């Protein structure tokens, strides 16, 4: 029941590191870890601060990955306590970054201390890959670091990204991958005209209708052991001039797939075109893909995380690929196995974000249990 993770958490949370402002969080980490054998390599691009902290030179290399930036607080007066002034209240630690994801960072730093003190002659290496831009556009954050490391063949064996992954109780869920994302920008073509002369126009809302129903009722795949079924959702739909006596000449539809390994990017695009073409829809369709699904199947890393959780929290962790994504999508290209493990994500990016106080030392203890098992 150490109290150090909690204190480092507060210190980090007291820095208003709204993306992409690091606020010297990385400087503080680099100095603290330097005391126990961690070397620091700064990799700054544009206005983003990135840093590779590493102790040791041989495999197996265990890497904790995370970001020091936090999303904007919104109107400060709507919070019950200043977002950048860490407050303990009702068994919780409140502040922006309390859940996403400064508590995790603090928890791994202290785990590194207790582990290194207890095991000075441990094999392999320990690294931290930290960015000040995971929440924004992230063009200059983690992705650039992975490129440098992959370019000089400095690879990772096991990577734990500290994003908040718990549903409720700490350790109830660990992420072992994420769905890919494929977006379409569809412009259905009709022919504008006066509503009273329908035969002289082509209503793109009516020509799209049968394809819209088939798309929304389609079952893309069955999902599998690690992923839920591929999900199709329409985010926007807009047609018309605002005039209620006009038939629009075109209709714009924006949609997205969060797809699993059961389908491919190509297969899904082919199926959408096949549904629009069989209903005779006339259109332009632009596609964009922000990433493919990535997965670490059950192996040593998931087994050690489950074992460490069982010991520290007394519960059986479930593996999941649901939700959004993280910098794990960049790092998986350079890490043989990668999981995400952190506290509850229920309040991320909301006012009064918080983490249970008792989950704090347990999270650091889990991380420490993972280093023991891998090193």
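Numbering follows the first chain given and starts at 1.
Undergrad: Highest mean C-alpha temperature factor of the two stretches 167-175 and 83-91, which is it?
TA: Per the PDB record, 83-91.
Undergrad: Do the C-alpha atoms of 105-113 or of 219-227 have the higher average B factor in the entry?
TA: It is 105-113 that shows the higher mean C-alpha B-factor.
Undergrad: Comparing recorded Cα B-factors across 77, 277, 214, 157, which one is largest?
TA: Of the candidates given, the C-alpha B-factor peaks at 77.
Undergrad: Among 318, 337, 41, 340, which residue carries the highest C-alpha B-factor recorded in the PDB entry?
TA: Across 318, 337, 41, 340, the entry lists the biggest C-alpha B-factor for 41.
Undergrad: Which third of the chain does residue 210 land in by C-alpha B-factor: lowest, middle or highest?
TA: Lowest third, going by the recorded CA B-factors of the chain.
Undergrad: Name the third of the chain's ranked CA B-factors that contains residue 153, choosing lowest, middle or highest.
TA: Answer is highest: the recorded C-alpha B-factor places it there.
Undergrad: Residue 273: which third of its chain by C-alpha temperature factor?
TA: As the PDB entry reports it, the C-alpha B-factor of residue 273 lands in the lowest third of its chain.
Undergrad: For residue 286, return the chain-relative third of its C-alpha B-factor as stated in the PDB record: lowest, middle or highest.
TA: According to the entry, residue 286 has a C-alpha B-factor in the chain's middle third.
Undergrad: Which third, lowest, middle or highest, does the C-alpha temperature factor of residue 322 belong to within its own chain?
TA: Lowest third.
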